[PDB]
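Report on the structure
Residues per chain, in single letters:
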Amino acid sequence: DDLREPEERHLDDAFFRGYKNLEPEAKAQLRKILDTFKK
Amino acid sequence: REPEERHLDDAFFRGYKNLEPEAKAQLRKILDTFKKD
Amino acid sequence: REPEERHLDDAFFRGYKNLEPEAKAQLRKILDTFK
Amino acid sequence: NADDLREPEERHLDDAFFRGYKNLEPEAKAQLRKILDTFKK
């Protein structure tokens, strides 16, 4: 069920860490931006 | 505050992981525009 | 669709010009990730 | 218009932004419009 290659999992975890280091206003903007990519 | 924070941040990551790979890649680049300096 | 394209492009530029400076700067950086 | 308060440097940055947008492919232009909408108050 999780077919991610190790590098992809690493980049996904780096993505979360980067998000969590954003100030709260930027985290909010990024959540809104995320939503524009949902299909 | 911690309740709604973790819910928003877990939903954010869940939605990220649900994106197709090319979208995930674009969102990583967009994240980096908030990080670079 | 040419009028529709022009309208959407002009609405985009108007909206960008109505943002505050730091947001205009952020949108420029985001555009750079698509080019 | 004649009421433009931007300095030429900002006008030039803005104009280059708009030319970069117009040079994108349609799918990307549409994605950028969606992103711009997220910055509206």
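Residues numbered from 1 in each chain as written, not as in the entry; some residues may be left out. Chains lettered and ligands numbered in written order. Heavy atoms only, no water. Residues with missing side-chain atoms left out of burial classes, pairs and counts.

X-ray crystallography is the method the PDB entry states for this structure, with the resolution given as 1.75 Å.

Now for the overall build of chain D. Check the secondary structure of chain D and you find two helices and zero strands. If you line up chain D on its principal axes, its C-alpha atoms span 35 × 25 × 15 Å. (Helix = DSSP H or I, 4+ residues; strand = E, 2+ residues; numbered from the N terminus.)

On to the environment of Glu25(D), then. Tracing the backbone through its elements, the reader meets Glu25(D) in the loop between α1 (8–22) and α2 (26–38). Each C-alpha atom, one on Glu25(D) and one on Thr38(D), is 21 Å from the other, the two residues being 13 residues apart in sequence.

Further remarks concern the interface of chain C and chain B. A common measure of how large an interface is: the accessible area buried when the components associate. Between chain C and chain B, the residue contacts involve five residues of the former and five residues of the latter. For the pair chain C and chain B, the summed buried area comes to about 490 Å², and 63% of that belongs to carbon and sulfur atoms. Contact with chain B buries area across many residues of chain C, yet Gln26(C), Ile30(C) and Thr33(C) alone supply 75% of it, more than any other trio. Between the two partners, chain C and chain B, sit zero salt bridges. At the boundary of chain C and chain B, one finds two residue pairs in polar contact. Across the side of chain C that touches chain B, the residue classes tally to two nonpolar, two polar and one charged. (Contact = heavy atoms within 4.5 Å. Buried area = accessible area lost by both parts, 1.4 Å probe. Salt bridge = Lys/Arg side-chain N within 4 Å of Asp/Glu carboxyl O. Polar contact = N/O pair within 3.5 Å; in protein donor to acceptor, adjacent residues only side chain to side chain. Nonpolar A, V, L, I, M, F, W, Y, C, P; charged D, E, K, R; others polar.)

On to the packing of helix α1 (residues 2–17) of chain C against helix α2 (residues 21–34) of chain C, then. Residue and element names in this part refer to chain C. Running from amino to carboxyl end, α1 crosses α2 at an angle of 135 degrees, the nearest separation of the two axes being 9 Å. The angle between α1 and α2 falls in the class oblique. Of α2, the residues touching α1 (which contributes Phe 12, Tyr 16 and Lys 17) are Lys 24, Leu 27 and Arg 28. In terms of residue class, the contact of α1 with α2 is built from three nonpolar, no polar and three charged. (Axes fitted to C-alpha atoms, helices over the stretch in contact; angles between N-to-C directions. Parallel < 35°, antiparallel > 145°, perpendicular 65-115°, else oblique.)

The tally for this structure, following the rule as stated, stands at 22 salt bridges over all chains. Across the pair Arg33(D) and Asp9(C) runs a salt bridge whose closest N-O atoms are separated by 3.7 Å. Within this pair, whereas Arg33(D) is found in helix α2, its partner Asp9(C) is found in helix α1, the two belonging to separate chains. Given a relative accessible area of 23%, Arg33(D) falls into the partly exposed group. According to the relative accessible area criterion, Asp9(C) is buried, its value standing at 7%. As a salt-bridge pair, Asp14(D) and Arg6(D) come within 2.9 Å of each other at their nearest N and O atoms. (Buried < 20%, exposed > 50% of the residue type's maximum accessible area, 1.4 Å probe, protein only.)

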